[PDB]
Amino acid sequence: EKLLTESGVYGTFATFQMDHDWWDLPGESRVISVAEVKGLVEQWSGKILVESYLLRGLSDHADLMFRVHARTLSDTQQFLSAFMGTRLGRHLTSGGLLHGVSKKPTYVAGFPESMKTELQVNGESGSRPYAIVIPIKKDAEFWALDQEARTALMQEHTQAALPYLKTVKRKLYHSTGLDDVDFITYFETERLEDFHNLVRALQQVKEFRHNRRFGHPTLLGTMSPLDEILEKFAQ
């Protein structure tokens, strides 16, 4: 649990879709397949954290998503090849896959002391909250800017977001060089209209036009314990 907050921690987003031929299995065999998976997760639960999301019926061409924290992607690599080896995995098509390490804040030091104070707040306490993942690539312009400039952009970014700081938990991952994006943004909320308004707000700052890629995909789901998701496939 000191992974959801600490730096140097790699964070991975893996998406899967269940095959059609899965339903041509006897119902029990599916239940046994579930147990295989459930056992594997616990077997790794010492080295890594694993969270589950139901994308089925919210995200196109996706049923399930894992969010995996680990000090090294090697450990994460092993976990996923193993998961895809199970009887259940063998009927899963690997969808999206994105890595990004959590880093120490980069621009907040140049913010007003009154703005830093409010950023210690992160999000509401919630159970079965919605979850959103949005990958981002900046344009070349953005990197060419100087520190003072970007600091001012992020400061305007932060400002527009302040009224949604309680109803929206947030986490940021640094993905450059591990895949075709710069950032992976991750959000939890019970109030989706709030998240919608939060995004339309951020769409109006300067920073935004420098997003060469925004979404594609925009993953929407529900946070749920793993077994409950698997239950749906074993009936």
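Sequential numbering from 1, following the sequence displayed.
According to the PDB record, 28 to 36 carries the higher mean C-alpha B-factor of the two stretches 200 to 208 and 28 to 36. Legend: mean Cα B-factor per stretch from the PDB entry, 106 to 114 versus 137 to 145; the higher mean is in 106 to 114.
Of the candidates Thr158, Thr76, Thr86, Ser127, the deposited coordinates give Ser127 the top C-alpha B factor. The residue among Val68, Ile184, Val41, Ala62 whose C-alpha atom has the highest B-factor in the PDB entry is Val41. The deposited CA B-factor of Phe16 belongs to the lowest third of values across its chain. Sort the chain's modelled residues by C-alpha temperature factor and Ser81 lands in the middle third, per the entry. Ranked against the other modelled residues of its chain, the C-alpha B-factor of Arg150 as given in the entry falls in the middle third. Split the chain's modelled residues into thirds by C-alpha temperature factor. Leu162 is in the middle one. Sort the modelled residues of the chain by CA B factor and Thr176 lands in the middle third.
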